[PDB]
Amino acid sequence: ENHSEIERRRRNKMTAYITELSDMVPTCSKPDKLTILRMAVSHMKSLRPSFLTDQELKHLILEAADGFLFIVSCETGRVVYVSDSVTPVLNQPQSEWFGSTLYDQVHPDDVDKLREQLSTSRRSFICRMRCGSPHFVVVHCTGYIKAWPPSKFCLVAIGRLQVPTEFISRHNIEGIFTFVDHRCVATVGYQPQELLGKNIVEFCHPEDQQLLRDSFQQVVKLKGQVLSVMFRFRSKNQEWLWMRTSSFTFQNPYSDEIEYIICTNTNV
Amino acid sequence: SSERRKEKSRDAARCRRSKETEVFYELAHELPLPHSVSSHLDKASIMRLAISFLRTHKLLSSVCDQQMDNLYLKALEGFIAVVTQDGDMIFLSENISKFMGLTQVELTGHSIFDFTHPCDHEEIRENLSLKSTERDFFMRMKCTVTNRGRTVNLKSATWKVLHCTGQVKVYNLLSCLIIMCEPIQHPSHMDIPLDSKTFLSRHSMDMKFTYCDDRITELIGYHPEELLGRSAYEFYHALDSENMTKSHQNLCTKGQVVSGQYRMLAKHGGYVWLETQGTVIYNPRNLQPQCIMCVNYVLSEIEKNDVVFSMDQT
DNA sequence: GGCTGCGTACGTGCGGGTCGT
DNA sequence: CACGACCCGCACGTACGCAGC
């Protein structure tokens, strides 16, 4: 590329920068380049080493992560400090965390994991913690192990808050149940074991069997699209029930072969 | 007369140049940087940093217990980043140089689209725009840090996948996307210790188990041999197949993915919850993918252990 | 037409860059 | 870590093209 073109590109870039700066500086809001630079120089002295202070950085981190800070000693898991953002997150006042131990605040099944994690520089795990006014939520913890006050070790971590008329069943390309959700017990009355291994047609009223077979042949060919069909189904109580089944093959994301047909049968 | 004009038009320009170059270095100290660094910045860099600083201050003016504030940054696994609706990075955490190797001064004010893989630009453009103020996606962004911990020139930069999480906020309209980027660590090079609730597994590119750790026998009940060759899509609870399909697509297209929370049916009935962390292994002879590697976190104990869901449980 | 301020285009020189046998 | 090999970036010089008391 010719030198002149590169130089012209640089000139245009610099002019764009100057226009942006002129727009930004309150006093300018058109003077020449020199006056704009002087006004910006003077303006930047009415403000003000780091771009952002510590309080502002904390504000940004809380706006990005929706979490709280807590420090817990290694030996006894005793909370030594907890930010005031624990209240919005876990609806639990700071007084409920001070003096307690970390283990009291986590689900009983996570206690072993946490005791293994706090044992004695980074640390990262996933644990459930209790909500106040037991409801639990999944929180991802990130932090490190250090000496304190600035065995005398304490984990400084920041907890990030990680974000019926129908039942779902799968089928092979022949119609044999391979997975039946537990909602089948209420929806149609059969236990999940009662249906596994039996062709869906066997439960269909004789006159509408052909429609179901045609649908099962069509959906394997449509190869991705849905296909709804209504037919009568024999319930455990020998009562004929109208049901609607929306089906569409599932194709492996890499090989595009058919894994299984999933149907969402709904009681009408 | 033309001569005298040309002799008085070659003198004014010199004075103008001198004044401009002096004012520019007047503006280079007022930036919040050490004087040594700011004394060697070119003019474009000075303009960039000044604009970015003013923009950030305008932001915190609309957004806006002092001894423990300095622990927030060190207690984070990743770096912060503020991106405007046009793709201009108007702030980056100081610990960025530890994850990517590119210092903050080298990035601040640059357009994001310059440092991300071209195929991911549409994704980023969709996320930055107010189409739910929350955002969560994966992107690739240049990393000059080698596996051994060295730094290399930008031209030799590799691609690093960052799990971006955050929200977009509107300020009275300027829409700035605040994100906390978390690098997903390679399963090979792991420094964080693994809890007792973890088991490793390997897969082929179509998600068929090729090796599973023995601890799955204790955690879920399956033997390692019972799983080799059987598609991992058979064991997912049918209500999570969509999420796992999305995760598999991202894993194949981008190289790494961190799964949601799903359910893997257990041997004798019922299902345990899980989270997984996927990492593709490339062959360096032809750069062709070989096999997915995973780290599985078990979150709970077998729930609903009196239930039978799939044929393999009977 | 003078001569002044102001912006923009082309060429040249220099220090720091990267190869290479 | 060298040194001509350049190749690329950047900054400056000079002049050309326009308002306007």
# chains A, B, ... in the order shown; residues from 1 in each chain; ligands from 1
$ residues_around --residues "segment 148-154 of chain A" --least-positions-apart "4" --cutoff "10 Å" --atoms "only C-alpha atoms (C1' of nucleotides)" --output "list in words"
residues 70, 71, 72, 73, 74, 75, 77, 78, 79, 80, 118, 120 and 144 of chain A
$ write_last_selection --atoms "C-alpha atoms" --output "PDB file, in the first residue's frame"
ATOM      1  CA  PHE A  70     -16.669 -12.692  52.989  1.00  0.00           C
ATOM      2  CA  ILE A  71     -13.610 -13.743  54.983  1.00  0.00           C
ATOM      3  CA  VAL A  72     -13.580 -17.028  56.903  1.00  0.00           C
ATOM      4  CA  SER A  73     -10.755 -18.391  59.029  1.00  0.00           C
ATOM      5  CA  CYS A  74      -9.230 -21.720  58.024  1.00  0.00           C
ATOM      6  CA  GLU A  75      -9.199 -23.479  61.385  1.00  0.00           C
ATOM      7  CA  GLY A  77     -14.575 -21.628  59.442  1.00  0.00           C
ATOM      8  CA  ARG A  78     -15.618 -18.645  61.548  1.00  0.00           C
ATOM      9  CA  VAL A  79     -16.788 -15.636  59.550  1.00  0.00           C
ATOM     10  CA  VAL A  80     -14.450 -12.738  60.334  1.00  0.00           C
ATOM     11  CA  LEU A 118     -10.658 -24.633  53.388  1.00  0.00           C
ATOM     12  CA  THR A 120      -4.411 -25.959  54.353  1.00  0.00           C
ATOM     13  CA  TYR A 144      -7.417 -16.971  47.720  1.00  0.00           C
TER      14      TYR A 144
END
$ residues_around --residues "residue 13 of chain D" --least-positions-apart "5" --cutoff "9 Å" --atoms "only C-alpha atoms (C1' of nucleotides)" --output "PyMOL selection string"
(chain B and resi 10+14) or (chain C and resi 12)
$ select_by_dssp --residues "segment 130-201 of chain B" --states "strand (DSSP E or B)" --output "ChimeraX atom specification"
/B:134-143,145,151,158-171,174-183,198-201
$ write_last_selection --atoms "C-alpha atoms" --output "PDB file, in the first residue's frame"
ATOM      1  CA  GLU B 134     -28.037  -9.519  31.512  1.00  0.00           C
ATOM      2  CA  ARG B 135     -25.504 -11.054  29.133  1.00  0.00           C
ATOM      3  CA  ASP B 136     -23.509 -14.320  29.020  1.00  0.00           C
ATOM      4  CA  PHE B 137     -21.492 -15.507  26.028  1.00  0.00           C
ATOM      5  CA  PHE B 138     -18.110 -16.832  24.927  1.00  0.00           C
ATOM      6  CA  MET B 139     -15.630 -14.958  22.756  1.00  0.00           C
ATOM      7  CA  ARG B 140     -12.052 -15.227  21.575  1.00  0.00           C
ATOM      8  CA  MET B 141      -9.625 -12.402  22.290  1.00  0.00           C
ATOM      9  CA  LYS B 142      -5.931 -12.110  21.488  1.00  0.00           C
ATOM     10  CA  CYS B 143      -3.563 -13.471  24.139  1.00  0.00           C
ATOM     11  CA  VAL B 145       1.001 -15.132  26.980  1.00  0.00           C
ATOM     12  CA  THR B 151       5.160 -12.830  26.534  1.00  0.00           C
ATOM     13  CA  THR B 158      -2.869 -16.870  19.944  1.00  0.00           C
ATOM     14  CA  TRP B 159      -6.599 -16.981  20.637  1.00  0.00           C
ATOM     15  CA  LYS B 160      -7.964 -17.261  24.184  1.00  0.00           C
ATOM     16  CA  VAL B 161     -11.591 -18.048  25.015  1.00  0.00           C
ATOM     17  CA  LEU B 162     -13.160 -15.836  27.687  1.00  0.00           C
ATOM     18  CA  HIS B 163     -16.424 -16.527  29.525  1.00  0.00           C
ATOM     19  CA  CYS B 164     -18.023 -13.068  29.594  1.00  0.00           C
ATOM     20  CA  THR B 165     -20.706 -12.313  32.186  1.00  0.00           C
ATOM     21  CA  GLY B 166     -22.268  -9.008  33.158  1.00  0.00           C
ATOM     22  CA  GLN B 167     -24.992  -6.567  32.206  1.00  0.00           C
ATOM     23  CA  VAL B 168     -25.648  -3.532  30.022  1.00  0.00           C
ATOM     24  CA  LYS B 169     -26.602  -0.307  31.795  1.00  0.00           C
ATOM     25  CA  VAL B 170     -28.196   2.795  30.254  1.00  0.00           C
ATOM     26  CA  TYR B 171     -27.123   6.206  31.555  1.00  0.00           C
ATOM     27  CA  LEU B 174     -25.235   5.785  26.204  1.00  0.00           C
ATOM     28  CA  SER B 175     -25.333   1.993  26.555  1.00  0.00           C
ATOM     29  CA  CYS B 176     -22.190   0.548  28.141  1.00  0.00           C
ATOM     30  CA  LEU B 177     -21.746  -3.206  28.516  1.00  0.00           C
ATOM     31  CA  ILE B 178     -20.045  -4.121  31.806  1.00  0.00           C
ATOM     32  CA  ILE B 179     -18.560  -7.630  31.712  1.00  0.00           C
ATOM     33  CA  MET B 180     -16.343  -9.742  33.949  1.00  0.00           C
ATOM     34  CA  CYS B 181     -14.249 -11.984  31.691  1.00  0.00           C
ATOM     35  CA  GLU B 182     -13.166 -15.325  33.157  1.00  0.00           C
ATOM     36  CA  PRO B 183     -10.561 -17.400  31.270  1.00  0.00           C
ATOM     37  CA  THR B 198     -14.944 -34.389  40.706  1.00  0.00           C
ATOM     38  CA  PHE B 199     -14.262 -37.034  38.067  1.00  0.00           C
ATOM     39  CA  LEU B 200     -12.480 -36.698  34.732  1.00  0.00           C
ATOM     40  CA  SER B 201     -13.750 -38.049  31.422  1.00  0.00           C
TER      41      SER B 201
END
$ interface_residues --of "chain B" --to "chain A" --cutoff "7 Å" --atoms "only C-alpha atoms" --output "MDAnalysis selection string"
chainID B and resid 20 23 26:27 30 32:34 44 47 51 69:70 72 75:77 166:167 178:180 192 195:196 205:206 238 245 248:249 308:311
$ write_last_selection --atoms "C-alpha atoms" --output "mmCIF file, in the first residue's frame"
data_model
loop_
_atom_site.group_PDB
_atom_site.id
_atom_site.type_symbol
_atom_site.label_atom_id
_atom_site.label_comp_id
_atom_site.auth_asym_id
_atom_site.auth_seq_id
_atom_site.Cartn_x
_atom_site.Cartn_y
_atom_site.Cartn_z
ATOM 1 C CA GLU B 20 0.794 21.884 19.281
ATOM 2 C CA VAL B 23 0.226 21.360 24.448
ATOM 3 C CA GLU B 26 0.841 19.245 28.619
ATOM 4 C CA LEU B 27 -2.154 16.911 28.197
ATOM 5 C CA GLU B 30 -2.830 15.125 33.496
ATOM 6 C CA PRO B 32 -3.636 9.301 35.698
ATOM 7 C CA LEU B 33 -0.386 7.509 34.845
ATOM 8 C CA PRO B 34 3.172 7.529 36.194
ATOM 9 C CA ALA B 44 -2.657 9.179 19.155
ATOM 10 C CA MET B 47 -5.749 11.414 22.638
ATOM 11 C CA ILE B 51 -11.040 10.447 25.685
ATOM 12 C CA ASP B 69 -11.981 -2.205 49.134
ATOM 13 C CA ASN B 70 -8.562 -3.089 47.750
ATOM 14 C CA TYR B 72 -11.999 -6.933 45.654
ATOM 15 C CA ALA B 75 -10.191 -11.740 45.060
ATOM 16 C CA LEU B 76 -11.331 -12.082 41.435
ATOM 17 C CA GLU B 77 -10.577 -14.783 38.859
ATOM 18 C CA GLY B 166 -22.268 -9.008 33.158
ATOM 19 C CA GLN B 167 -24.992 -6.567 32.206
ATOM 20 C CA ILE B 178 -20.045 -4.121 31.806
ATOM 21 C CA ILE B 179 -18.560 -7.630 31.712
ATOM 22 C CA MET B 180 -16.343 -9.742 33.949
ATOM 23 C CA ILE B 192 -6.607 -25.037 41.351
ATOM 24 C CA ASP B 195 -12.498 -31.306 45.451
ATOM 25 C CA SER B 196 -13.670 -34.819 46.279
ATOM 26 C CA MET B 205 -16.042 -35.333 18.852
ATOM 27 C CA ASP B 206 -19.601 -36.730 18.766
ATOM 28 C CA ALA B 238 -34.378 -35.080 28.461
ATOM 29 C CA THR B 245 -26.762 -29.247 22.473
ATOM 30 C CA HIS B 248 -21.710 -28.867 22.361
ATOM 31 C CA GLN B 249 -22.108 -26.453 19.453
ATOM 32 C CA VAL B 308 -36.656 -45.515 36.963
ATOM 33 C CA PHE B 309 -36.298 -43.168 33.982
ATOM 34 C CA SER B 310 -34.452 -44.954 31.159
ATOM 35 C CA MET B 311 -34.064 -48.517 29.946
#
$ closest_atom_pairs --of "chain B" --to "chain D" --cutoff "12 Å" --atoms "only C-alpha atoms (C1' of nucleotides)" --output "tab-separated table"
residue	atom	partner	partner_atom	distance
B:5	CA	D:15	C1'	11.1
B:6	CA	D:15	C1'	8.2
B:7	CA	D:14	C1'	10.4
B:8	CA	D:14	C1'	11.8
B:9	CA	D:15	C1'	8.6
B:10	CA	D:14	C1'	6.9
B:11	CA	D:14	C1'	10.4
B:12	CA	D:14	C1'	11.7
B:13	CA	D:13	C1'	9.1
B:14	CA	D:13	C1'	8.6
B:16	CA	D:12	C1'	11.9
B:17	CA	D:12	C1'	8.6
B:18	CA	D:12	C1'	10.5
B:21	CA	D:11	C1'	10.3
B:41	CA	D:10	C1'	11.9
B:42	CA	D:10	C1'	8.7
B:43	CA	D:10	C1'	10.0
B:44	CA	D:10	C1'	10.7
$ closest_atom_pairs --of "chain C" --to "chain A" --cutoff "10 Å" --atoms "only C-alpha atoms (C1' of nucleotides)" --output "tab-separated table"
residue	atom	partner	partner_atom	distance
C:6	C1'	A:32	CA	8.1
C:7	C1'	A:32	CA	9.5
C:8	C1'	A:11	CA	8.7
C:9	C1'	A:8	CA	7.9
C:10	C1'	A:4	CA	6.5
C:11	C1'	A:4	CA	8.9
$ residues_around --residues "segment 297-306 of chain B" --least-positions-apart "6" --cutoff "8 Å" --atoms "only C-alpha atoms (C1' of nucleotides)" --output "list in words"
residues 109, 126 and 127 of chain A; 197, 198, 199, 219, 220, 266, 268, 269, 270, 271, 272, 273, 274, 275 and 276 of chain B
$ interface_residues --of "chain C" --to "chain B" --cutoff "9 Å" --atoms "only C-alpha atoms (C1' of nucleotides)" --output "short mmCIF file (atom, residue, chain, number, x, y, z; two decimals) with C-alpha atoms (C1' of nucleotides), in the first residue's frame"
data_model
loop_
_atom_site.label_atom_id
_atom_site.label_comp_id
_atom_site.auth_asym_id
_atom_site.auth_seq_id
_atom_site.Cartn_x
_atom_site.Cartn_y
_atom_site.Cartn_z
"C1'" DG C 2 -0.79 42.31 -0.24
"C1'" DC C 3 -0.16 39.24 4.33
"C1'" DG C 5 -4.39 32.12 10.25
#
$ closest_residue --among "A:102, A:137, A:261, A:200" --to "residue 220 of chain A" --atoms "only C-alpha atoms"
A:261
$ select_by_dssp --residues "segment 19-233 of chain A" --states "helix (DSSP H, G or I)" --output "ChimeraX atom specification"
/A:19-24,33-43,54-65,86-90,94-96,103-105,108-118,184-187,192-195,200-203,206-222
$ decode --residues "segment 151-198 of chain B" --atoms "N, CA and C atoms" --output "PDB file, in the first residue's frame"
ATOM      1  N   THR B 151       5.905 -13.766  27.364  1.00  0.00           N
ATOM      2  CA  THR B 151       5.160 -12.830  26.534  1.00  0.00           C
ATOM      3  C   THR B 151       5.815 -12.746  25.160  1.00  0.00           C
ATOM      4  N   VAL B 152       4.994 -12.629  24.121  1.00  0.00           N
ATOM      5  CA  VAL B 152       5.473 -12.589  22.748  1.00  0.00           C
ATOM      6  C   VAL B 152       4.827 -11.410  22.025  1.00  0.00           C
ATOM      7  N   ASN B 153       5.404 -11.054  20.882  1.00  0.00           N
ATOM      8  CA  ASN B 153       4.915  -9.925  20.109  1.00  0.00           C
ATOM      9  C   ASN B 153       3.483 -10.182  19.644  1.00  0.00           C
ATOM     10  N   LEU B 154       2.743  -9.088  19.448  1.00  0.00           N
ATOM     11  CA  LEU B 154       1.334  -9.197  19.087  1.00  0.00           C
ATOM     12  C   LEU B 154       1.137 -10.044  17.836  1.00  0.00           C
ATOM     13  N   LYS B 155       2.083 -10.000  16.897  1.00  0.00           N
ATOM     14  CA  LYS B 155       1.924 -10.761  15.661  1.00  0.00           C
ATOM     15  C   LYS B 155       1.862 -12.260  15.924  1.00  0.00           C
ATOM     16  N   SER B 156       2.537 -12.739  16.967  1.00  0.00           N
ATOM     17  CA  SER B 156       2.505 -14.145  17.341  1.00  0.00           C
ATOM     18  C   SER B 156       1.405 -14.447  18.352  1.00  0.00           C
ATOM     19  N   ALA B 157       0.345 -13.644  18.367  1.00  0.00           N
ATOM     20  CA  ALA B 157      -0.705 -13.808  19.359  1.00  0.00           C
ATOM     21  C   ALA B 157      -1.596 -14.996  19.022  1.00  0.00           C
ATOM     22  N   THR B 158      -1.928 -15.769  20.049  1.00  0.00           N
ATOM     23  CA  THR B 158      -2.869 -16.870  19.944  1.00  0.00           C
ATOM     24  C   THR B 158      -4.263 -16.378  20.305  1.00  0.00           C
ATOM     25  N   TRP B 159      -5.219 -17.301  20.299  1.00  0.00           N
ATOM     26  CA  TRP B 159      -6.599 -16.981  20.637  1.00  0.00           C
ATOM     27  C   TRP B 159      -6.969 -17.620  21.969  1.00  0.00           C
ATOM     28  N   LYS B 160      -7.566 -16.827  22.852  1.00  0.00           N
ATOM     29  CA  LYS B 160      -7.964 -17.261  24.184  1.00  0.00           C
ATOM     30  C   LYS B 160      -9.465 -17.071  24.333  1.00  0.00           C
ATOM     31  N   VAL B 161     -10.138 -18.077  24.883  1.00  0.00           N
ATOM     32  CA  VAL B 161     -11.591 -18.048  25.015  1.00  0.00           C
ATOM     33  C   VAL B 161     -11.952 -17.533  26.401  1.00  0.00           C
ATOM     34  N   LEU B 162     -12.801 -16.511  26.449  1.00  0.00           N
ATOM     35  CA  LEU B 162     -13.160 -15.836  27.687  1.00  0.00           C
ATOM     36  C   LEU B 162     -14.657 -15.968  27.930  1.00  0.00           C
ATOM     37  N   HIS B 163     -15.025 -16.420  29.125  1.00  0.00           N
ATOM     38  CA  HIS B 163     -16.424 -16.527  29.525  1.00  0.00           C
ATOM     39  C   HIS B 163     -16.866 -15.174  30.065  1.00  0.00           C
ATOM     40  N   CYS B 164     -17.616 -14.427  29.262  1.00  0.00           N
ATOM     41  CA  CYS B 164     -18.023 -13.068  29.594  1.00  0.00           C
ATOM     42  C   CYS B 164     -19.377 -13.099  30.286  1.00  0.00           C
ATOM     43  N   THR B 165     -19.466 -12.441  31.438  1.00  0.00           N
ATOM     44  CA  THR B 165     -20.706 -12.313  32.186  1.00  0.00           C
ATOM     45  C   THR B 165     -20.833 -10.886  32.694  1.00  0.00           C
ATOM     46  N   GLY B 166     -22.056 -10.371  32.714  1.00  0.00           N
ATOM     47  CA  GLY B 166     -22.268  -9.008  33.158  1.00  0.00           C
ATOM     48  C   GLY B 166     -23.627  -8.507  32.720  1.00  0.00           C
ATOM     49  N   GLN B 167     -23.736  -7.187  32.597  1.00  0.00           N
ATOM     50  CA  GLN B 167     -24.992  -6.567  32.206  1.00  0.00           C
ATOM     51  C   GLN B 167     -24.711  -5.272  31.461  1.00  0.00           C
ATOM     52  N   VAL B 168     -25.708  -4.815  30.713  1.00  0.00           N
ATOM     53  CA  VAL B 168     -25.648  -3.532  30.022  1.00  0.00           C
ATOM     54  C   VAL B 168     -26.487  -2.530  30.799  1.00  0.00           C
ATOM     55  N   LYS B 169     -25.935  -1.343  31.023  1.00  0.00           N
ATOM     56  CA  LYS B 169     -26.602  -0.307  31.795  1.00  0.00           C
ATOM     57  C   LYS B 169     -26.737   0.945  30.942  1.00  0.00           C
ATOM     58  N   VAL B 170     -27.885   1.608  31.045  1.00  0.00           N
ATOM     59  CA  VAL B 170     -28.196   2.795  30.254  1.00  0.00           C
ATOM     60  C   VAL B 170     -28.114   4.000  31.176  1.00  0.00           C
ATOM     61  N   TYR B 171     -27.429   5.047  30.725  1.00  0.00           N
ATOM     62  CA  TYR B 171     -27.123   6.206  31.555  1.00  0.00           C
ATOM     63  C   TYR B 171     -27.759   7.447  30.946  1.00  0.00           C
ATOM     64  N   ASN B 172     -28.553   8.152  31.746  1.00  0.00           N
ATOM     65  CA  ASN B 172     -29.202   9.373  31.288  1.00  0.00           C
ATOM     66  C   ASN B 172     -28.226  10.537  31.375  1.00  0.00           C
ATOM     67  N   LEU B 173     -28.867   8.051  24.213  1.00  0.00           N
ATOM     68  CA  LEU B 173     -28.667   7.229  25.398  1.00  0.00           C
ATOM     69  C   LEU B 173     -27.399   6.398  25.256  1.00  0.00           C
ATOM     70  N   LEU B 174     -26.514   6.483  26.245  1.00  0.00           N
ATOM     71  CA  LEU B 174     -25.235   5.785  26.204  1.00  0.00           C
ATOM     72  C   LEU B 174     -25.399   4.418  26.855  1.00  0.00           C
ATOM     73  N   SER B 175     -25.223   3.362  26.071  1.00  0.00           N
ATOM     74  CA  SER B 175     -25.333   1.993  26.555  1.00  0.00           C
ATOM     75  C   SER B 175     -23.943   1.381  26.660  1.00  0.00           C
ATOM     76  N   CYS B 176     -23.508   1.108  27.887  1.00  0.00           N
ATOM     77  CA  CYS B 176     -22.190   0.548  28.141  1.00  0.00           C
ATOM     78  C   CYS B 176     -22.339  -0.847  28.724  1.00  0.00           C
ATOM     79  N   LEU B 177     -21.669  -1.812  28.104  1.00  0.00           N
ATOM     80  CA  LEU B 177     -21.746  -3.206  28.516  1.00  0.00           C
ATOM     81  C   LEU B 177     -20.625  -3.508  29.503  1.00  0.00           C
ATOM     82  N   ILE B 178     -20.993  -3.782  30.750  1.00  0.00           N
ATOM     83  CA  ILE B 178     -20.045  -4.121  31.806  1.00  0.00           C
ATOM     84  C   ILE B 178     -19.967  -5.638  31.874  1.00  0.00           C
ATOM     85  N   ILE B 179     -18.761  -6.187  31.755  1.00  0.00           N
ATOM     86  CA  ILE B 179     -18.560  -7.630  31.712  1.00  0.00           C
ATOM     87  C   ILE B 179     -17.368  -7.997  32.576  1.00  0.00           C
ATOM     88  N   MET B 180     -17.463  -9.140  33.241  1.00  0.00           N
ATOM     89  CA  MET B 180     -16.343  -9.742  33.949  1.00  0.00           C
ATOM     90  C   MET B 180     -15.910 -10.981  33.174  1.00  0.00           C
ATOM     91  N   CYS B 181     -14.740 -10.913  32.549  1.00  0.00           N
ATOM     92  CA  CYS B 181     -14.249 -11.984  31.691  1.00  0.00           C
ATOM     93  C   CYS B 181     -13.472 -12.986  32.532  1.00  0.00           C
ATOM     94  N   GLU B 182     -13.807 -14.263  32.389  1.00  0.00           N
ATOM     95  CA  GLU B 182     -13.166 -15.325  33.157  1.00  0.00           C
ATOM     96  C   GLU B 182     -12.516 -16.321  32.209  1.00  0.00           C
ATOM     97  N   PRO B 183     -11.189 -16.375  32.113  1.00  0.00           N
ATOM     98  CA  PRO B 183     -10.561 -17.400  31.270  1.00  0.00           C
ATOM     99  C   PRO B 183     -10.858 -18.795  31.797  1.00  0.00           C
ATOM    100  N   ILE B 184     -11.245 -19.688  30.891  1.00  0.00           N
ATOM    101  CA  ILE B 184     -11.478 -21.086  31.236  1.00  0.00           C
ATOM    102  C   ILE B 184     -10.155 -21.831  31.136  1.00  0.00           C
ATOM    103  N   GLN B 185      -9.750 -22.470  32.227  1.00  0.00           N
ATOM    104  CA  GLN B 185      -8.416 -23.047  32.297  1.00  0.00           C
ATOM    105  C   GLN B 185      -8.362 -24.383  31.567  1.00  0.00           C
ATOM    106  N   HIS B 186      -7.227 -24.634  30.922  1.00  0.00           N
ATOM    107  CA  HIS B 186      -7.031 -25.886  30.209  1.00  0.00           C
ATOM    108  C   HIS B 186      -6.991 -27.050  31.198  1.00  0.00           C
ATOM    109  N   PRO B 187      -7.673 -28.163  30.906  1.00  0.00           N
ATOM    110  CA  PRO B 187      -7.628 -29.293  31.848  1.00  0.00           C
ATOM    111  C   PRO B 187      -6.222 -29.808  32.080  1.00  0.00           C
ATOM    112  N   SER B 188      -5.369 -29.750  31.062  1.00  0.00           N
ATOM    113  CA  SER B 188      -3.982 -30.158  31.225  1.00  0.00           C
ATOM    114  C   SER B 188      -3.309 -29.305  32.294  1.00  0.00           C
ATOM    115  N   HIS B 189      -3.266 -27.993  32.076  1.00  0.00           N
ATOM    116  CA  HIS B 189      -2.592 -27.073  32.992  1.00  0.00           C
ATOM    117  C   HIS B 189      -3.605 -26.500  33.984  1.00  0.00           C
ATOM    118  N   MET B 190      -3.801 -27.237  35.075  1.00  0.00           N
ATOM    119  CA  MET B 190      -4.686 -26.828  36.161  1.00  0.00           C
ATOM    120  C   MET B 190      -3.855 -26.629  37.421  1.00  0.00           C
ATOM    121  N   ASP B 191      -4.028 -25.475  38.060  1.00  0.00           N
ATOM    122  CA  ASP B 191      -3.366 -25.163  39.318  1.00  0.00           C
ATOM    123  C   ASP B 191      -4.314 -25.225  40.507  1.00  0.00           C
ATOM    124  N   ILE B 192      -5.604 -25.015  40.289  1.00  0.00           N
ATOM    125  CA  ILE B 192      -6.607 -25.037  41.351  1.00  0.00           C
ATOM    126  C   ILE B 192      -6.842 -26.486  41.752  1.00  0.00           C
ATOM    127  N   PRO B 193      -6.772 -26.827  43.037  1.00  0.00           N
ATOM    128  CA  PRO B 193      -6.986 -28.224  43.436  1.00  0.00           C
ATOM    129  C   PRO B 193      -8.426 -28.651  43.194  1.00  0.00           C
ATOM    130  N   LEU B 194      -8.621 -29.955  43.008  1.00  0.00           N
ATOM    131  CA  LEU B 194      -9.949 -30.496  42.749  1.00  0.00           C
ATOM    132  C   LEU B 194     -10.531 -31.119  44.010  1.00  0.00           C
ATOM    133  N   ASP B 195     -11.784 -30.780  44.297  1.00  0.00           N
ATOM    134  CA  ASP B 195     -12.498 -31.306  45.451  1.00  0.00           C
ATOM    135  C   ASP B 195     -12.712 -32.813  45.310  1.00  0.00           C
ATOM    136  N   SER B 196     -13.343 -33.400  46.328  1.00  0.00           N
ATOM    137  CA  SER B 196     -13.670 -34.819  46.279  1.00  0.00           C
ATOM    138  C   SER B 196     -14.810 -35.104  45.316  1.00  0.00           C
ATOM    139  N   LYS B 197     -15.615 -34.099  44.991  1.00  0.00           N
ATOM    140  CA  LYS B 197     -16.734 -34.259  44.067  1.00  0.00           C
ATOM    141  C   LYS B 197     -16.338 -33.884  42.643  1.00  0.00           C
ATOM    142  N   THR B 198     -15.408 -34.639  42.065  1.00  0.00           N
ATOM    143  CA  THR B 198     -14.944 -34.389  40.706  1.00  0.00           C
ATOM    144  C   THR B 198     -14.435 -35.682  40.094  1.00  0.00           C
TER     145      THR B 198
END
